[PDB]
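Residue numbers (the deposited numbering), protein chains in the order written: chain G, 1 to 284; chain F, 343 to 459; chain D, 343 to 459; chain A, 258 to 428; chain C, 343 to 428; chain H, 3 to 138.
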């Protein structure tokens with residue numbers, strides 16, 4: 001206490017408020033850029049899904065393992081997590097949704113396998129003893145498809161090998177700058193998602209060399225691209241959550257200054273009174 | 343009188359554990375106040391969740407205070423309270439809501455109060 | 343008295359150089375804590391290495407501290423002080439390890455001490 | 258007229274007061290410490306030609322006299338709110354606040370915009386300077402906070418990078 | 343302030359350290375002793391220098407303990423050695 | 003002329019109206035003129051040739067992909083790195099390894115690093131909630 005301590009604390013909290021306001025600004029710009037990169041992904045996935053509509057669902061179809069709804073004995077998850085803190089509850093809400101569902105699955109006796117994107121989930125599931133089979137980390141604010149090839153390759157290799165029976169991606173969905181939501185969505189076996197090529201009965205491709213060889217790589221690339229889309233939407237959702245969290249923290253600091261200055265003024269007055277009474281009643 | 347020589351090891355050790363938890367909770371109230379509870383480490387969230395229970399379980403209704411709150415007073419024996427605090431600290435009542443501990447006698451009235459919300 | 347007109351430009355510039363190098367190393371310490379050394383650029387790692395070597399080189403053994411440490415004191419003339427700090431900042435000694443600079447005294451003694459370490 | 262550190266005339270007055278047992282006041286400066294600096298600084302005035310013509314009994318008739326004063330004050334680590342500094346800030350027509358951070362950083366003279374101000378304003382400023390300088394003050398006041406946001410943000414919008422360059426030029 | 347001026351050293355006992363469990367609660371970072379190394383047995387004189395430096399680095403790093411999970415192992419080593427010596 | 007899109011999973015590489023392209027399709031080099039019947043093929047890495055309308059040629063380098071053609075649309079779902087069972091397996095081996103040794107690379111965000119460091123130091127030993135009497 002005493003004026004000269006409380007004024008130092010007020011100074012430091014004002015400095016803290018500068019820091020958090022700057023971080024809010026930065027995150028607010030990076031959200032706009034990350035959502036632009038979000039919207040720069042739709043064409044590839046959408047056209048490839050139309051092609052798979054025609055080739056696989058078609059009026060004739062090609063037996064592929066990824067399309068058929070085989071029995072479930074164990075399940076894989078691809079988990080997206082931030083690389084940076086101060087994101088609010090985003091990671092822990094996501095991990096609790098995942099853990100609740102993975103519990104529900106293991107209550108039928110199925111095992112589960114995790115592939116981790118981002119280091120926060122890596123640490124969390126190393127702590128909670130999850131079955132992390134592969135990971136990639138340090139992508140930061142520059143996600144790239146080439147880095148994702150590793151873990152998704154592992155999970156594909158394990159799915160075709162029959163070691164996995166269903167594959168999920170778990171990630172946040174950006175909806176509004178003020179609202180994002182954690183989601184778990186299946187991606188193998190490939191969902192039934194309309195795209196009725198009945199209209200396109202009028203024509204058919206020249207396959208070179210053959211439709212089955214093409215269809216295999218089309219599905220592999222499509223799964224990779226949906227994982228990339230999920231990573232970019234998660235990045236944009238991280239930037240939105242950091243922006244709203246730093247906003248809240250700046251207003252918290254702004255209230256703590258109001259408290260500290262009342263304490264400070266009380267100390268100022270008390271020190272003036274006790275100094276002046278010590279002097280005056282020390283004469284005579 | 344709070345010496346191992348006098349109150350015995352178990353009581354002394356429980357008291358010092360309670361103090362350690364509550365102090366660790368004080369050291370966090372500034373970061374919690376500024377940045378909110380979500381920036382804590384996953385083990386600090388547990389420290390906080392246990393301190394906020396210990397605080398309530400230190401509450402007790404008094405026979406002389408029935409005038410103010412209606413609820414009937416309780417007498418808690420020492421043997422019966424070092425057990426409850428040792429329990430909360432060791433995390434074996436760690437599945438019970440905070441308000442289960444508010445204004446109760448022994449730890450068994452808390453485990454009961456949880457059932458009724 | 344620390345302005346060019348009185349100390350000479352050589353001295354003034356050596357002093358401001360040391361201040362700049364330390365003031366940037368203060369910036370760098372809290373990147374090094376969060377990210378580790380390897381994310382720095384090549385000149386940032388070189389600035390850190392020179393800043394540490396300067397910070398070490400400012401130490402000195404005193405003929406009156408000789409009773410506390412035991413080590414015999416050294417006297418360093420101003421010529422040798424400027425020539426040493428300028429030579430370190432110009433990188434003439436980037437090949438000696440940091441401990442070679444600690445408590446030696448003059449810069450030639452740094453060059454000598456580096457052999458035996 | 259330039260008074261070097263009224264902060265020390267206040268202290269000398271406090272001494273020569275307390276030696277005479279005159280009753281104290283806040284911070285121990287004697288009761289009338291405000292009326293010490295006031296009856297001094299209120300002599301710095303611009304006096305119109307009729308007062309001059311009366312005082313000098315006609316010997317000069319057209320002129321207006323004046324006496325400008327630049328008192329100096331010495332804060333303790335930037336504490337503008339101390340007793341005497343806020344007394345004097347309340348007497349004078351502005352202040353030139355010399356900032357230690359800028360002075361150490363090499364910005365000499367370390368004038369701090371924004372917190373320093375001249376309350377007569379442009380009325381005192383020759384026409385050309387009133388034209389050319391009309392923007393400088395607040396442009397710099399903004400640049401100095403914009404460049405404080407800078408360090409936590411690489412990858413700046415160049416609509417703001419132009420500003421951080423111009424501000425750095427002028428500084 | 344008078345007796346701090348007269349004496350040769352100070353042992354500052356802190357109530358926070360005393361609550362947190364650190365007992366005796368001596369605060370090493372502001373406690374001093376101006377007779378210092380001269381008065382120790384040379385085994386202790388030898389050995390305690392490294393405790394001084396271990397705790398000084400721990401006290402400089404300690405601010406990050408509340409963000410520790412974000413830290414780099416090259417400093418995590420020090421930030422855990424400090425806690426173990428304490 | 004016909005509308006050509008070259009698109010990667012990350013970004014779009016080209017769009018425009020084109021007179022012809024010459025393409026190293028997997029089972030031997032191919033050429034697309036307007037009205038070309040519907041076709042679908044994988045392609046090898048190398049320079050594709052574009053002839054934009056009014057004859058303005060430009061090249062693009064593709065690391066692979068799939069070429070697809072419809073009545074008036076042609077698109078090339080390029081990709082960003084050499085894809086092949088030789089390389090993908092090395093990537094997956096590294097990804098498995100990192101799960102075992104429990105490595106984690108640091109992110110490259112130096113600005114978040116500095117901001118978070120200053121925040122951690124500013125907020126330390128602030129002890130405010132003991133000083134303001136706010137209960138919490």
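We put the beta carbon where it would ideally sit given N, CA and C, even for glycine.
Residue from the options whose Cα sits closest to the Cα of residue i
i: residue 280 (chain G); options: A:281, A:418 and A:327; result: A:281
i: residue 140 (chain G); options: H:44, H:138 and H:112; result: H:112
i: residue 330 (chain G); options: G:178, G:163 and G:184; result: One cannot answer for residue 330 (chain G) here, as it falls past the ends of chain G, which runs 1 to 284.
i: residue 415 (chain D); options: D:435, D:448, D:442 and D:439; result: D:448
i: residue 410 (chain D); options: C:343, C:395, C:399 and C:382; result: C:382
i: residue 366 (chain D); options: D:388, D:351 and D:441; result: D:388
i: residue 451 (chain D); options: D:386, D:432, D:431 and D:417; result: D:417
i: residue 424 (chain F); options: F:345, F:360 and F:348; result: F:360
i: residue 377 (chain F); options: G:252, G:128 and G:229; result: G:252
i: residue 419 (chain F); options: F:402, F:432 and F:412; result: F:402
i: residue 377 (chain A); options: A:325, A:407, A:365 and A:416; result: A:325
Within-7 Å CB hit, residue i to chain A
i: residue 113 (chain H); result: yes
i: residue 263 (chain G); result: no
i: residue 350 (chain G); result: Residue coverage of chain G in this structure runs from 1 to 284, which leaves residue 350 (chain G) outside it and unanswerable.
i: residue 245 (chain G); result: no
Chain H within 7 Å of residue i, Cβ atoms only
i: residue 135 (chain G); result: yes
i: residue 354 (chain C); result: no
i: residue 406 (chain C); result: yes
i: residue 42 (chain G); result: no
Alpha-carbon to alpha-carbon, residue j and residue i
i: residue 101 (chain G); j: residue 170 (chain G); result: 11 Å
i: residue 62 (chain H); j: residue 10 (chain H); result: 13 Å
i: residue 419 (chain A); j: residue 428 (chain D); result: 36 Å
i: residue 287 (chain A); j: residue 273 (chain A); result: 10 Å
i: residue 134 (chain H); j: residue 10 (chain G); result: 11 Å
i: residue 75 (chain G); j: residue 112 (chain G); result: 5 Å
i: residue 226 (chain G); j: residue 193 (chain G); result: 14 Å
i: residue 15 (chain H); j: residue 69 (chain H); result: 14 Å
i: residue 190 (chain G); j: residue 154 (chain G); result: 17 Å
i: residue 328 (chain A); j: residue 276 (chain G); result: 28 Å
i: residue 358 (chain F); j: residue 247 (chain G); result: 39 Å
i: residue 384 (chain F); j: residue 409 (chain C); result: 11 Å
i: residue 264 (chain A); j: residue 425 (chain C); result: 50 Å
i: residue 439 (chain F); j: residue 394 (chain F); result: 10 Å
7 Å Cβ cutoff, residue i in contact with chain G
i: residue 281 (chain A); result: yes
i: residue 409 (chain A); result: yes
i: residue 22 (chain H); result: no
i: residue 26 (chain H); result: no
Below-7 Å beta-carbon distance, residue i vs any chain F residue
i: residue 133 (chain H); result: no
i: residue 249 (chain G); result: yes
i: residue 252 (chain G); result: yes
CB contact check: residue i to chain C, cutoff 7 Å
i: residue 101 (chain H); result: no
i: residue 117 (chain H); result: no
i: residue 123 (chain H); result: yes
Three-state class that DSSP yields for residue i in the structure shown
i: residue 58 (chain G); result: coil
i: residue 5 (chain H); result: strand
i: residue 381 (chain D); result: helix
i: residue 368 (chain A); result: strand
i: residue 256 (chain A); result: Nothing can be reported for residue 256 (chain A), as the shown portion of chain A is limited to 258 through 428.
i: residue 49 (chain H); result: strand
i: residue 430 (chain D); result: helix
i: residue 356 (chain C); result: coil
i: residue 418 (chain D); result: coil
i: residue 351 (chain A); result: strand
Residues, ordered as in the chain, of the stretch 317 to 329 of chain A that lie near chain G by beta-carbon distance below 7 Å: For the stretch 317 to 329 of chain A, the beta-carbon criterion of a distance under 7 Å to any beta-carbon of chain G is satisfied by none of its residues.
Under 9 Å (Cβ pairs) to chain H, residues found in the stretch 361 to 388 of chain F: 368, 369, 371, 372, 373, 374, 375, 376 and 377
Contact set between the stretch 139 to 168 of chain G and chain H, restricted to residues whose Cβ is under 8 Å from the partner: The stretch 139 to 168 of chain G vs chain H, Cβ under 8 Å: 139, 140, 141, 142, 144, 145, 146, 149, 150, 151, 153, 154 and 157.
Residues, ordered as in the chain, of the stretch 36 to 48 of chain H that lie near chain G by beta-carbon distance below 7 Å: 39, 40, 41, 42, 43 and 44
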